[PDB]
Amino acid sequence: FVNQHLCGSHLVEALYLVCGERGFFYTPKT
Amino acid sequence: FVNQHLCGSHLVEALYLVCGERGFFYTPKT
Amino acid sequence: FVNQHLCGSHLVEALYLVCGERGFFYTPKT
Amino acid sequence: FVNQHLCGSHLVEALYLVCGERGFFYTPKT
Amino acid sequence: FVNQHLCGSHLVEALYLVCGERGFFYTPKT
Amino acid sequence: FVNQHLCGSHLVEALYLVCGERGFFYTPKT
Amino acid sequence: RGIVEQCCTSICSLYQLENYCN
Amino acid sequence: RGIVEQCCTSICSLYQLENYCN
Amino acid sequence: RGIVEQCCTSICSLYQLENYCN
Amino acid sequence: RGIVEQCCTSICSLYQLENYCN
Amino acid sequence: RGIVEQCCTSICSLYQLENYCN
Amino acid sequence: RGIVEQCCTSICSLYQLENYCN
Ligand SMILES: [Zn+2]
Ligand SMILES: [Zn+2]
């Protein structure tokens, strides 16, 4: 799949694809 | 179906940029 | 012409995410 | 042009633009 | 309004790739 | 906002959003 | 007011976008 | 079955996308 | 250990990102 | 000749794009 | 100190990127 | 030396990426 680090805007795009119709929550605090 | 899934990828990419530390939820419909 | 070239950029970006190690070919038409 | 490293999803977008109608093959194995 | 703002994000992303060292101006209308 | 480094194509996308209808100039020379 | 509604037919500014931040 | 056909008018899931992996 | 420490500072599979879907 | 005009209805090649470089 | 040294090699806020808008 | 070692671990011009077009 992606045996890889996903940071910044690449993480939120991964979430966007993976989650689909559901949606997601991004919290870059910790 | 698409070019709205197309637009949504630009949104969470814009929201990552706009929101940063605060973070964000992405809730389609609702 | 465009917004199908627009959609295709989202595909190989999704395919990079989805496929990873396996890799992928991108063959329009065909 | 891009006297620069192109990794991850930036490499597949470079290929996508450069190759055009032809298409490309991405293999991140080695 | 959108999917032309959608296309424009793909342009400056293509122009960053295409132009590199030379750089580029992005002037809508004009 | 983005208390974060923005390099390469992420910088030109930040400019693209932030500047809006105005437009921008990218010079990666120095 | 929904996201896809008034940012995917209309263009949301950085200030309209910011309505959607936590 | 083509790529641009049923992922650029329809929305392909992560599982529909995976039909296109090596 | 948080989304960035689990995925950005680390590596997460499909079922370590599916934890943050709504 | 404008940018959005002949790259957002037509598809600009890497060589058409290069008309817009400094 | 230039766009990349001010923003890429450094950190710039909204009002350190607004310097490069037309 | 492979696409990533030629372009990601290294630097490739237009005519070092054109090697991977169909
Ligand atoms: Zn797009
Ligand atoms: Zn990146």
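Below, chains carry the letters A, B, ... as their sequence lines are ordered, and counting in each starts from 1.
A heavy-atom distance below 4.5 Å is not found between the side chains of C:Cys7 and H:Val4. With a 4.5 Å cut-off on side-chain heavy atoms, H:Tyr20 and C:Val12 do not count as touching. Side-chain contact check for H:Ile3 versus C:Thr27: every heavy-atom pair is 4.5 Å or farther apart. Annotation: side chain of C:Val18 is in contact with side chain of H:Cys21 (closest heavy-atom distance under 4.5 Å).
Within the model, atoms SG of H:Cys8 and CG of C:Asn3 stand 8.5 Å from one another, a figure rounded to the nearest 0.5 Å. Here the CG atom belonging to C:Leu15 is positioned 9.0 Å from the SG atom belonging to H:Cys12, to the nearest 0.5 angstrom. To the nearest 0.5 Å, atoms CG (H:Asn19) and CZ (C:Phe24) are separated by 14.5 Å. The CG atom of H:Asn22 sits 12.5 Å away from atom CD of C:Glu21, with the distance rounded to the nearest 0.5 Å. Rounding to the nearest 0.5 Å places NZ of C:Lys29 at 11.5 Å from CD of H:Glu5.
Looking at C:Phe25, both its backbone and its side chain come within 4.5 Å of chain H, counting heavy atoms on both sides.
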